[PDB]
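**Q** Let me give you the structure first, and then I'll get to my questions.
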Amino acid sequence: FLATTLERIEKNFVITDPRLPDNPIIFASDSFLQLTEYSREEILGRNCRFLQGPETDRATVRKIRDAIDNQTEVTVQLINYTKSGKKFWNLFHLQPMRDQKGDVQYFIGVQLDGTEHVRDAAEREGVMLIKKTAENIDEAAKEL
Ligand SMILES: *[C@@]12=NC3=[C]C([C])=C([C])[C]=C3N([C][C]([O])[C]([O])[C]([O])[C]OP([O])([O])=O)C1=NC(=O)[N]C2=O
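The sequence shown runs 84 to 227 under the working numbering.
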């Protein structure tokens with residue numbers, strides 16, 4: 084699956100379609116593929132939960148479930164795994180994308196990878212970056 088211009092935006096993100104069974108990934112940027120080690124054909128049509136593994140905090144996963152069910156934004160940190168099983172920390176931001184009547188049409192997820200759980204200045208700078216990125220992608224996705 085060749086990258087669309089959207090997917091060549093130089094940021095780590097995915098877009099899912101909550102109309103399709105299990106809210107699957109339909110767009111995944113090249114940097115997301117580089118991070119996770121999967122090809123685009125391997126992850127399209129799958130729910131993002133395949134990135135989770137034994138050390139993933141399930142309490143945090145439930146925070147994300149609740150955000151999606153209530154169609155609201157969330158920002159959390161959790162451990163995720165690459166295809167080859169390497170752990171990374173994921174500073175993750177979710178937000179819905181709404182149409183001209185205000186209904187959610189897609190979800191946008193922005194991921195910032197790190198080697199540790201961040202706090203204080205590193206957390207603040209991380210969250211500044213992922214929120215700004217989410218806004219950029221919301222604009223890009225308006226024409227999908
Ligand atoms: C995945 N990012 C991500 C991006 C979007 C836009 C969405 C909608 C979800 C994710 N997930 C969360 C996952 O798909 C799921 O929502 C949760 O596991 C909670 O639901 P379940 O049914 O499992 O309780 C992401 N999960 C990750 O682990 N990493 C991300 O990058």
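Ideal placement from N, C-alpha and C gives every residue a C-beta, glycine not left out.
Take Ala150 and list the residues in its own chain whose beta-carbon comes closer than 6 Å to its own, dropping the five residues that flank it on each side.
**A** These residues qualify, in order along the chain: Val157 and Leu177.
**Q** Do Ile109 and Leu127 have their C-beta atoms closer together than 8 Å?
**A** Yes; because the gap between Cβ atoms is below 8 Å, this pair is in contact.
**Q** Kindly indicate which three-state DSSP category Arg202 falls into: helix, strand or coil?
**A** Three-state DSSP puts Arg202 in coil, outside helix and strand.
**Q** Note the first and the last residue of the continuous alpha helix (DSSP H) segment covering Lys146.
**A** Residues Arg141 to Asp152.
**Q** In angstroms, rounded to a whole number, what distance separates the CA positions of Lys169 and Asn153?
**A** Taking the straight line joining both Cα atoms gives about 32 Å.
**Q** Please indicate yes or no: does the CB of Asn153 lie closer than 7 Å to some heavy atom of ligand 1?
**A** It does not: the Cβ of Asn153 is nowhere closer than 7 Å to a heavy atom of ligand 1.
**Q** What are the boundary residues of the beta strand (DSSP E) that includes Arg129?
**A** That residue, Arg129, is in no beta strand (DSSP E); it is neither H nor E in DSSP.
**Q** Which whole-angstrom value is the C-beta distance of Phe115 and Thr216, which I expect to be below 8 Å?
**A** With 8 Å as the limit, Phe115 and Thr216 do not qualify as a contact, their Cβ atoms being about 12 Å apart.
**Q** Could you check whether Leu174 and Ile213 sit closer than 8 Å to each other, using their CB atoms as the reference points?
**A** Yes, they are a contact pair.
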